[PDB]
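*Asks:* Pasting a structure here, questions to come.
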Amino acid sequence: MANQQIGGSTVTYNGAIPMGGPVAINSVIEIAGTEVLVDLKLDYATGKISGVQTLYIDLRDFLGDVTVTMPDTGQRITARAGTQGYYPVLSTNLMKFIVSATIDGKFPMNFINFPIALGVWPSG
Amino acid sequence: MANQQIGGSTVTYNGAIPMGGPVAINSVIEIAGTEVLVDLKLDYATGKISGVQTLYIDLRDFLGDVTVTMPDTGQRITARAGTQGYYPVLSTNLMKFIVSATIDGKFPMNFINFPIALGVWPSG
Amino acid sequence: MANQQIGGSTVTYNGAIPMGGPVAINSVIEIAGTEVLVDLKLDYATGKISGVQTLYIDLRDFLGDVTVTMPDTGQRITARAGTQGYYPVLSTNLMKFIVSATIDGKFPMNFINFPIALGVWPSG
Amino acid sequence: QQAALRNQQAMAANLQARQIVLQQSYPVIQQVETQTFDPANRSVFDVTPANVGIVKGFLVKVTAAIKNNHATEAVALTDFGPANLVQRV
Amino acid sequence: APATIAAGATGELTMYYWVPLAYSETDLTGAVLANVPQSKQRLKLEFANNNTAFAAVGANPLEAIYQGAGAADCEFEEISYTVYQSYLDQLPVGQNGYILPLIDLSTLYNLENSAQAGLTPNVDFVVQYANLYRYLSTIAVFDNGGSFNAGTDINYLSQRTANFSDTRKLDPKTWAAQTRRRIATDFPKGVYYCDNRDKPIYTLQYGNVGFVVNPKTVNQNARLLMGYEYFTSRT
Amino acid sequence: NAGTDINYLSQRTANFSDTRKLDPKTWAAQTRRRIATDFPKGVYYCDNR
Amino acid sequence: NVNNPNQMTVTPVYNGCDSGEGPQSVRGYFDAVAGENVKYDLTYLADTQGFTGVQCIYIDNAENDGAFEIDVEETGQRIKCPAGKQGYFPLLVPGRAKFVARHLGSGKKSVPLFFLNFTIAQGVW
Amino acid sequence: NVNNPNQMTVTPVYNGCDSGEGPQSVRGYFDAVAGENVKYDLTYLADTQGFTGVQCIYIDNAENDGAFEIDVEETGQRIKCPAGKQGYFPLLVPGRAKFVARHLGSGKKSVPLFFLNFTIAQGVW
Amino acid sequence: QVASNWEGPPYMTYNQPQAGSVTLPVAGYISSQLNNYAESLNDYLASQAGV
């Protein structure tokens, strides 16, 4: 009973209000074979958006699921089939994102940067 | 009717904003051997994370449930089968955690330390 | 057709942050025949908890529903069968509670005193 | 450093007042709670002490009545033994 | 406590604990002034239930009390507890109020335990001391996967500083020789004690000191339990 | 007898207040803190030094 | 599908901030509703006392068999609570607080109800 | 499993903070549609008055039989409310506050709708 | 023969903390002290050179 864990990571995150304003980023993708990388490190250095805090994923026409992964954290938020939703996210000053799906489709995505509580439009 | 009680347990918690940063801890859990103990008292003493306030539990490919238990409180947050979720926990300066499941599995788990409101991706 | 009411009560509440700490109380309830009364007036006078603001009700192994009633306001929060949940309640400085269930069983209960939003682990 | 003389003068006034309390006060030891329970029901209990004076410790006396209901086999004491009667304080 | 409990028998146990606040009887450091109006003074206690006190053969007898082939049907009949509080009454009152050792009641005296994992054979395992505490003693229990050994699974134990410098790098028999001139016996097998009462490990005025165990044999699910004892203030 | 014929040993003051009032096994526990053994069967020690 | 704008919309003002008094609530009950519409006129309490607005509402339909509506007057918001549920609902209520309730159950259902005056987020367990 | 980045992205600004005026909703119905798109141009109210944005929205499809979309223009957000539900939805709207509504019901359904300008969390009971 | 900066032999006292010295400060902390930073370097070099 109760064996002890060996190693865990420790990562800094984005949780406050930026010196700019509420600023999201429309990043409509198309997977169509395997994966899609989203790199927002250029915007962070060049004076734009200061760090992704929330995701808005809109898949009401897509028949499968959509997974978004942070590489520095390992969180892999998976939005469901015919649902829209706001998802708080654990993201670093390095804003890289691995987006995946099953086969096809185009999904509007908004990298939001300010806190919005969670919600998903249909349930069950 | 009207049966009074004898013993309750008063205990202090973590509910405010850290003067360090928003800091989460990835502590991927391996079960199908025992129950799993997570002890973050070493991180609290050595200058790192001040106190676990929220859990992110990621059960997407798992077929059973996952229970996380705080020993100072007795709170028994039990995540369900094919769902991901954010769960606020009642946790003390002792960051000890008893992680269990039903059968098997590998679970991405994040010990978040800042308040995130509750949500669960599919419902029902 | 277009009628008007006669009498309505007005109660003062607990809704702010305590100048003590975030403090919850484990008060595990066994009913097994009728009803269980919880009285936290002694803790409020003797320097402890300032007033209950949220409930955590843990019903995973309980096969029926659980009702908690405030006597000063008449609010009668009812938790569902196989679900855990956080519930904000309308409670007065007289911190009395009438807990009930159907038949049997034991379930953990926490009297939280700081605001946590809603949430129920399975829905539907 | 001039700040190491006041923090040694504060220790001299503190040690002067420690030997006033230990020499001119009364050591009391009194029972605050007693309770007998069955551990199948509950095993975590909270003890409200007395709020008086300068508290300098607690003495906890734990007894038990372990019964072996097996058919033919026995059990033996472990190395830690009765020191595992209180799991946490 | 009886040494064995046969089939159908009933053993009566008793055990005493001293939960300290002040350091000793003549040194009032860590003591608690409980004459405050809205006092929240509290003493939690958890006890052994029927799942943590009786281990089967081949299990981990760490938190257990009895262990054997008949532990599947052992159970408690009762547990009774009694708490006694030792305190100082009739404090000296002066013209300006109470006469008290102010920076003796400002200091805490704490006892913590932990559990570390990740042990590798012939590799040093360092547990760091927290920089805010002044450590007085250290207790390390090498739980080698439900098995305890009398030093025959540890190469050495040490207290290494920040650079690489060791201060007490000793064989497990020589480590036990240092505890025999403190407690005049040996702790049980697997338990190792480190005394620092003459000079506490502050690890804020002399670097970052750690505690090293170099094991010889490591089984699966082997952990290292670390008990601490230290002072704490706001200096 | 070894404490089985005593309910409690105590020490009172002027206003009938016990300044120690212990079980016979707890009275003997404070004896073991000083002389590192028990006094013989029926002997009860009280330290006030 | 062609894009067509509309003529005119309205604009009321609300009570979305914190009270200068304490958190308060008003209980409305004994709701034996054979007549379907029931008015709650809280303007009596707003000027005499300090009950300076209704922000959230708590509807308890645990034993109700049908749905349950509540209507705000100046705003026109017509929040309907489901059949066997209970929960908290934020409201858009002006400084002149009047409400109209209605019913679709199987007889009068007594419907305990609270007008909450401060902010509580949504949840309809 | 191959990884592929993308070319170019969009970047607008929003109204996520608290108003210098009070909380104010805008009741946008009389949109009986069944076959068209309905534009809401709130730029008239944003400069003539102090109605400095739209933060949240309230859609009431309690008697609608199909879904209900609302699109924001400079952002491209595409919030679709379910068939027989109602609830509050936060929005990503710039200063040029323009909206386009759609429908999939069984005839014109007269859906009431509110543009809130302050923050209300999600809930779609 | 006394020197106002002489702390002893410089190969034996250069890395030695002072007497009380729980935690040492840094000798300088535009953002902080500047001429106190320059005089904390001149006083150290005068200790290593003996007037």
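Letters for chains follow the order of the structure tokens (A, B, ...), residue numbers begin at 1 for each chain, and ligand numbers begin at 1 in the order shown.
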Can you list, as a PyMOL selection string, every protein, DNA or RNA residue that comes within 9 Å of residue G:84 when you count only C-alpha atoms, leaving out same-chain residues fewer than 3 positions away?
*Replies:* chain G and resi 60-67+81
*Asks:* Include N, CA and C atoms and write out the residues we just selected as a PDB file, in the first residue's frame.
*Replies:*
```pdb
ATOM      1  N   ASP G  60     -35.769  25.533  -6.723  1.00  0.00           N
ATOM      2  CA  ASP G  60     -35.686  24.168  -6.214  1.00  0.00           C
ATOM      3  C   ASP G  60     -36.909  23.393  -6.696  1.00  0.00           C
ATOM      4  N   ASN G  61     -36.767  22.720  -7.835  1.00  0.00           N
ATOM      5  CA  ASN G  61     -37.828  21.910  -8.426  1.00  0.00           C
ATOM      6  C   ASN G  61     -37.600  20.428  -8.196  1.00  0.00           C
ATOM      7  N   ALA G  62     -37.126  20.046  -7.006  1.00  0.00           N
ATOM      8  CA  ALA G  62     -36.772  18.654  -6.743  1.00  0.00           C
ATOM      9  C   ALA G  62     -37.994  17.744  -6.767  1.00  0.00           C
ATOM     10  N   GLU G  63     -39.139  18.234  -6.301  1.00  0.00           N
ATOM     11  CA  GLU G  63     -40.374  17.468  -6.348  1.00  0.00           C
ATOM     12  C   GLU G  63     -41.344  17.964  -7.409  1.00  0.00           C
ATOM     13  N   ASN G  64     -40.990  19.013  -8.150  1.00  0.00           N
ATOM     14  CA  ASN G  64     -41.832  19.479  -9.242  1.00  0.00           C
ATOM     15  C   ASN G  64     -41.769  18.503 -10.410  1.00  0.00           C
ATOM     16  N   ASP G  65     -42.917  18.284 -11.049  1.00  0.00           N
ATOM     17  CA  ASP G  65     -43.002  17.350 -12.161  1.00  0.00           C
ATOM     18  C   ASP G  65     -42.917  18.022 -13.521  1.00  0.00           C
ATOM     19  N   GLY G  66     -43.184  19.320 -13.598  1.00  0.00           N
ATOM     20  CA  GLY G  66     -43.029  20.051 -14.836  1.00  0.00           C
ATOM     21  C   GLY G  66     -41.987  21.142 -14.721  1.00  0.00           C
ATOM     22  N   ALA G  67     -41.870  21.972 -15.753  1.00  0.00           N
ATOM     23  CA  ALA G  67     -40.902  23.057 -15.755  1.00  0.00           C
ATOM     24  C   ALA G  67     -41.419  24.234 -14.931  1.00  0.00           C
ATOM     25  N   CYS G  81     -36.585  26.903 -15.495  1.00  0.00           N
ATOM     26  CA  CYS G  81     -35.886  25.853 -14.763  1.00  0.00           C
ATOM     27  C   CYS G  81     -36.444  24.485 -15.148  1.00  0.00           C
TER      28      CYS G  81
END
```
*Asks:* Within 10 Å of chain E, which residues of chain I show up when using only C-alpha atoms, listed as an MDAnalysis selection string?
*Replies:* chainID I and resid 17 20:24
*Asks:* How would the residues just chosen look if you wrote them out with C-alpha atoms as a PDB file, in the first residue's frame?
*Replies:*
```pdb
ATOM      1  CA  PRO I  17      32.599  35.241   6.079  1.00  0.00           C
ATOM      2  CA  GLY I  20      27.846  37.167  12.963  1.00  0.00           C
ATOM      3  CA  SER I  21      26.983  36.696   9.281  1.00  0.00           C
ATOM      4  CA  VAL I  22      23.868  34.568   9.008  1.00  0.00           C
ATOM      5  CA  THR I  23      23.404  35.483   5.351  1.00  0.00           C
ATOM      6  CA  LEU I  24      25.872  37.633   3.481  1.00  0.00           C
TER       7      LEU I  24
END
```
*Asks:* Return as a CSV table (one decimal) with N, CA, C and O atoms, in the first residue's frame the full set of residues in stretch 4-99 of chain C whose backbone-based DSSP assignment is alpha helix (DSSP H).
*Replies:*
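Resulting contents of selection23.csv:
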```csv
chain,number,residue,atom,x,y,z
C,41,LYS,N,-22.7,26.1,15.9
C,41,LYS,CA,-22.7,27.3,16.6
C,41,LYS,C,-21.6,27.4,17.7
C,41,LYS,O,-21.1,28.4,18.0
C,42,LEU,N,-21.2,26.2,18.2
C,42,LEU,CA,-20.1,26.2,19.2
C,42,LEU,C,-18.8,26.6,18.6
C,42,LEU,O,-18.0,27.3,19.2
C,43,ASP,N,-18.5,26.1,17.4
C,43,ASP,CA,-17.3,26.5,16.7
C,43,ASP,C,-17.3,28.0,16.4
C,43,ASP,O,-16.2,28.7,16.4
C,44,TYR,N,-18.4,28.6,16.0
C,44,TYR,CA,-18.5,30.0,15.6
C,44,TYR,C,-18.2,30.9,16.8
C,44,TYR,O,-17.6,32.0,16.6
C,45,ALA,N,-18.7,30.5,18.0
C,45,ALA,CA,-18.5,31.4,19.2
C,45,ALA,C,-17.1,31.2,19.8
C,45,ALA,O,-16.5,32.2,20.2
```
*Asks:* Near residue D:42, within 10 Å and counting only C-alpha atoms, which residues show up once chain neighbours fewer than 6 positions away are dropped, as a ChimeraX atom specification?
*Replies:* /C:28 /E:46-49
*Asks:* With N, CA and C atoms retained, write the just-selected residues as an mmCIF file, in the first residue's frame.
*Replies:*
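Final output, saved to selection.cif:
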```
data_model
loop_
_atom_site.group_PDB
_atom_site.id
_atom_site.type_symbol
_atom_site.label_atom_id
_atom_site.label_comp_id
_atom_site.auth_asym_id
_atom_site.auth_seq_id
_atom_site.Cartn_x
_atom_site.Cartn_y
_atom_site.Cartn_z
ATOM 1 N N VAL C 28 -18.321 13.561 8.859
ATOM 2 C CA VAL C 28 -18.873 12.316 8.310
ATOM 3 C C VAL C 28 -20.177 11.871 8.978
ATOM 4 N N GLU E 46 -4.728 10.213 14.365
ATOM 5 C CA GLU E 46 -5.223 9.094 13.580
ATOM 6 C C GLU E 46 -4.691 7.798 14.168
ATOM 7 N N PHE E 47 -5.524 6.767 14.161
ATOM 8 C CA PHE E 47 -5.214 5.504 14.806
ATOM 9 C C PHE E 47 -5.251 4.379 13.786
ATOM 10 N N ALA E 48 -4.710 3.236 14.182
ATOM 11 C CA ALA E 48 -4.654 2.079 13.306
ATOM 12 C C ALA E 48 -6.026 1.424 13.222
ATOM 13 N N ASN E 49 -6.552 1.294 12.012
ATOM 14 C CA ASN E 49 -7.769 0.541 11.783
ATOM 15 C C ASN E 49 -7.402 -0.880 11.367
#
```
*Asks:* Going by DSSP on the backbone, which residues of stretch 3-117 of chain C come out as strand (DSSP E)? List them as number ranges by chain.
*Replies:* C: 3-4, 9-12, 23-26, 29-30, 35-39, 54-58, 66-69, 78-79, 84-88, 96-100, 106-107, 109-111
*Asks:* Near stretch 34-39 of chain A, counting only C-alpha atoms, which residues have an atom at most 12 Å away, once you skip same-chain residues fewer than 6 positions from it, shown as a PyMOL selection string?
*Replies:* (chain A and resi 25-28+45+51-52+66-71+93-107+109-111) or (chain H and resi 1-9)
*Asks:* Can you superpose chain B onto chain C by least squares over all C-alpha atoms paired in order and give the moved copy as a short mmCIF file (atom, residue, chain, number, x, y, z; two decimals) with C-alpha atoms, in the first residue's frame?
*Replies:*
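Resulting contents of out36.cif:
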```
data_model
loop_
_atom_site.label_atom_id
_atom_site.label_comp_id
_atom_site.auth_asym_id
_atom_site.auth_seq_id
_atom_site.Cartn_x
_atom_site.Cartn_y
_atom_site.Cartn_z
CA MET B 1 -52.77 36.07 -13.77
CA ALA B 2 -51.17 38.68 -11.47
CA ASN B 3 -51.61 37.15 -8.01
CA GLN B 4 -49.44 39.15 -5.59
CA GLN B 5 -47.73 37.52 -2.62
CA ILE B 6 -48.08 38.16 1.10
CA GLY B 7 -45.02 37.04 3.04
CA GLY B 8 -41.33 36.72 2.23
CA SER B 9 -38.40 36.14 4.58
CA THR B 10 -35.43 38.52 4.49
CA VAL B 11 -32.20 37.15 6.00
CA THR B 12 -28.44 37.92 5.99
CA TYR B 13 -25.72 35.54 4.74
CA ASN B 14 -22.00 34.74 4.51
CA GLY B 15 -20.40 35.60 1.19
CA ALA B 16 -17.01 37.22 1.81
CA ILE B 17 -13.47 36.09 2.59
CA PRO B 18 -12.65 35.25 6.23
CA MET B 19 -9.91 37.21 7.95
CA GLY B 20 -8.94 33.92 9.57
CA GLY B 21 -8.27 31.33 6.91
CA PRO B 22 -9.90 28.99 4.44
CA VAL B 23 -11.12 26.43 6.99
CA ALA B 24 -13.19 23.34 6.20
CA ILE B 25 -14.72 20.86 8.63
CA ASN B 26 -15.00 17.11 8.07
CA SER B 27 -18.22 15.87 9.66
CA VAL B 28 -18.82 12.31 8.35
CA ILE B 29 -22.52 11.51 8.75
CA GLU B 30 -24.09 8.25 9.98
CA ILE B 31 -27.71 7.71 8.85
CA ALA B 32 -30.01 4.60 8.86
CA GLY B 33 -30.91 5.59 12.36
CA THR B 34 -32.75 8.94 12.12
CA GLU B 35 -32.23 12.34 10.51
CA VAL B 36 -28.90 13.91 11.50
CA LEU B 37 -28.47 17.37 13.01
CA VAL B 38 -25.16 19.21 12.66
CA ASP B 39 -24.65 22.25 14.91
CA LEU B 40 -21.56 24.40 14.36
CA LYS B 41 -22.71 27.27 16.61
CA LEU B 42 -20.11 26.16 19.18
CA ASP B 43 -17.29 26.59 16.65
CA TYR B 44 -18.55 30.04 15.62
CA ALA B 45 -18.65 31.31 19.20
CA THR B 46 -15.37 29.76 20.44
CA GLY B 47 -13.15 31.52 17.89
CA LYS B 48 -13.23 28.91 15.11
CA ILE B 49 -14.94 28.92 11.65
CA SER B 50 -16.98 32.03 10.85
CA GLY B 51 -19.68 30.69 8.56
CA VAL B 52 -20.44 27.80 6.21
CA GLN B 53 -20.54 29.03 2.62
CA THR B 54 -19.99 25.90 0.51
CA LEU B 55 -20.64 22.18 0.97
CA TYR B 56 -18.59 19.30 -0.40
CA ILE B 57 -20.83 16.23 -0.49
CA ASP B 58 -19.26 12.90 -1.50
CA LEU B 59 -21.83 10.30 -2.61
CA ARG B 60 -19.86 7.80 -4.66
CA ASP B 61 -20.83 4.44 -3.16
CA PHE B 62 -24.32 5.48 -2.04
CA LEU B 63 -27.41 4.25 -3.86
CA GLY B 64 -29.84 6.99 -2.79
CA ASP B 65 -29.92 10.75 -2.47
CA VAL B 66 -28.77 13.02 0.36
CA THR B 67 -30.60 16.18 1.44
CA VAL B 68 -29.06 18.96 3.54
CA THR B 69 -31.35 21.63 4.99
CA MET B 70 -30.65 25.04 6.55
CA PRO B 71 -33.34 25.99 9.11
CA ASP B 72 -32.92 29.78 9.02
CA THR B 73 -33.36 29.74 5.23
CA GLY B 74 -35.23 26.62 4.19
CA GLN B 75 -32.80 25.79 1.39
CA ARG B 76 -32.93 22.10 0.50
CA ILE B 77 -29.81 21.22 -1.51
CA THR B 78 -30.24 17.56 -2.51
CA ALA B 79 -27.18 15.72 -3.82
CA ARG B 80 -27.80 12.85 -6.21
CA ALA B 81 -26.92 9.17 -6.16
CA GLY B 82 -23.49 8.35 -7.55
CA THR B 83 -22.11 11.87 -7.71
CA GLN B 84 -19.68 14.03 -5.78
CA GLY B 85 -20.04 17.77 -5.75
CA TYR B 86 -19.44 21.29 -4.51
CA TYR B 87 -22.59 23.23 -3.60
CA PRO B 88 -22.80 26.86 -2.45
CA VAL B 89 -25.28 27.21 0.41
CA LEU B 90 -27.28 30.09 1.84
CA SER B 91 -26.37 29.86 5.52
CA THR B 92 -26.52 32.31 8.40
CA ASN B 93 -24.54 32.94 11.59
CA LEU B 94 -26.54 30.01 12.91
CA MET B 95 -24.70 27.05 11.44
CA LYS B 96 -27.36 24.44 12.02
CA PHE B 97 -27.88 21.76 9.38
CA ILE B 98 -30.44 18.98 8.97
CA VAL B 99 -28.82 16.12 7.07
CA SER B 100 -31.03 13.34 5.72
CA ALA B 101 -30.88 10.57 3.15
CA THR B 102 -33.14 7.78 1.92
CA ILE B 103 -32.00 4.53 3.55
CA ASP B 104 -28.45 4.07 4.83
CA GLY B 105 -24.92 5.20 4.35
CA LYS B 106 -21.79 7.05 5.44
CA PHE B 107 -21.08 10.36 3.71
CA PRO B 108 -17.90 12.46 3.80
CA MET B 109 -19.14 16.03 4.19
CA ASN B 110 -17.05 19.20 4.26
CA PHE B 111 -18.30 22.54 5.58
CA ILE B 112 -16.03 24.72 3.57
CA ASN B 113 -16.59 28.45 4.53
CA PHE B 114 -15.02 29.91 1.34
CA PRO B 115 -16.69 30.28 -2.07
CA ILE B 116 -16.20 27.41 -4.49
CA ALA B 117 -18.29 27.47 -7.67
CA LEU B 118 -20.71 24.62 -8.29
CA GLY B 119 -19.82 21.37 -9.99
CA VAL B 120 -20.98 17.75 -10.04
CA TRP B 121 -18.68 14.96 -11.28
CA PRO B 122 -21.06 12.81 -13.43
CA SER B 123 -24.05 14.54 -15.06
CA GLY B 124 -26.91 12.25 -16.07
#
```
